[PDB]
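Examination of the molecular architecture
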Amino acid sequence: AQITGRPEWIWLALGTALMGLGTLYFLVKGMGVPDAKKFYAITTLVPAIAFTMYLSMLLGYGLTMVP
């Protein structure tokens, strides 16, 4: 879809925002108010990694990050 059928950049931005808030929320849960500490950390950094990847992606193209 070189004709840009949809703003995947915006969709990515939204997805990154969601993932970000998700990571923060997960960290809050981890803070306090199943297998290993490492596993739990990764599980709590699931949204953190997702956000990082999405941020790197949007940055790669330079659409939302570089309007």
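Each value, and the rule that gives it
Residues numbered from 1 in each chain as written, not as in the entry; some residues may be left out. Heavy atoms only, no water. Axes fitted to C-alpha atoms, helices over the stretch in contact; angles between N-to-C directions. Helix = DSSP H or I, 4+ residues; strand = E, 2+ residues; numbered from the N terminus. Parallel < 35°, antiparallel > 145°, perpendicular 65-115°, else oblique. Left-handed = near helix turned anticlockwise from the far one by under 90°. Nonpolar A, V, L, I, M, F, W, Y, C, P; charged D, E, K, R; others polar. Expected span 1.5 Å × (residues − 1). Core = buried A, V, L, I, M, F, W, Y, C linked by side-chain atoms within 4.5 Å. Buried < 20%, exposed > 50% of the residue type's maximum accessible area, 1.4 Å probe, protein only. Contact = heavy atoms within 4.5 Å. Polar contact = N/O pair within 3.5 Å; in protein donor to acceptor, adjacent residues only side chain to side chain. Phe/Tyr/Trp six-rings, centres within 6.5 Å; stacked < 30°, edge-to-face > 60°. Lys NZ or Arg CZ within 6 Å of the ring centre and 35° of its normal.

Solution NMR is the method the PDB entry lists for this structure.

As a packed pair, helix α1 (residues 8-31) and helix α3 (residues 46-61) sit with axes 7 Å apart at the nearest point and diverge in direction by 155°. Comparing the axis directions of α1 and α3 gives the class roughly antiparallel. Relative to α3, α1 is oriented so that their crossing is left-handed. For the contact of α1 with α3, the per-class residue count stands at 20 nonpolar, 6 polar and 1 charged.

What follows deals with α1. Each α-helix turn comprises 3.6 residues. Residues three or four places apart therefore point the same way. Compared with the 34 Å implied by 1.5 Å per residue over 24 residues, the 34 Å span of α1 between its first and last C-alpha is a close match. Where α1 terminates, the next one or two residues include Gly32, which has phi positive at roughly 155°.

Take the nonpolar core next. Ranked by size, the top nonpolar core spans 5 residues in total: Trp9, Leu12, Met19, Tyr54 and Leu58. Of all elements in the fold, only α1 and α3 reach the threshold of two or more residues within this core. Considering each element in turn, this core owes the most residues, 3 residues, to α1. Excluding anything up to four places from it in sequence, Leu58 contacts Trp9, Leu12, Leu63, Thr64 and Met65.

What follows concerns the side chain of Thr23. Secondary-structure assignment places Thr23 in helix α1. Engagement of the side chain of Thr23 in a polar contact is seen with the backbone oxygen of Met19, the distance being 2.7 Å. Not counting residues up to four positions away in its chain, the partners in contact with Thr23 are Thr44, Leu45, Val46, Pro47 and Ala48.

For the rest of this paragraph, the subject is the packing of aromatic side chains. Taken as a whole and judged by the stated rule, the model has 1 aromatic pair. Ring geometry for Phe26 and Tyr40: centres 6.2 Å apart, planes at 35°, overall tilted. Geometry around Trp11 places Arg6 over its ring, the cationic atom sitting 5.0 Å from the centre. Positioned above the aromatic ring of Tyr25 is the side chain of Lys29, whose terminal nitrogen or guanidinium carbon lies 3.7 Å from the ring centre.

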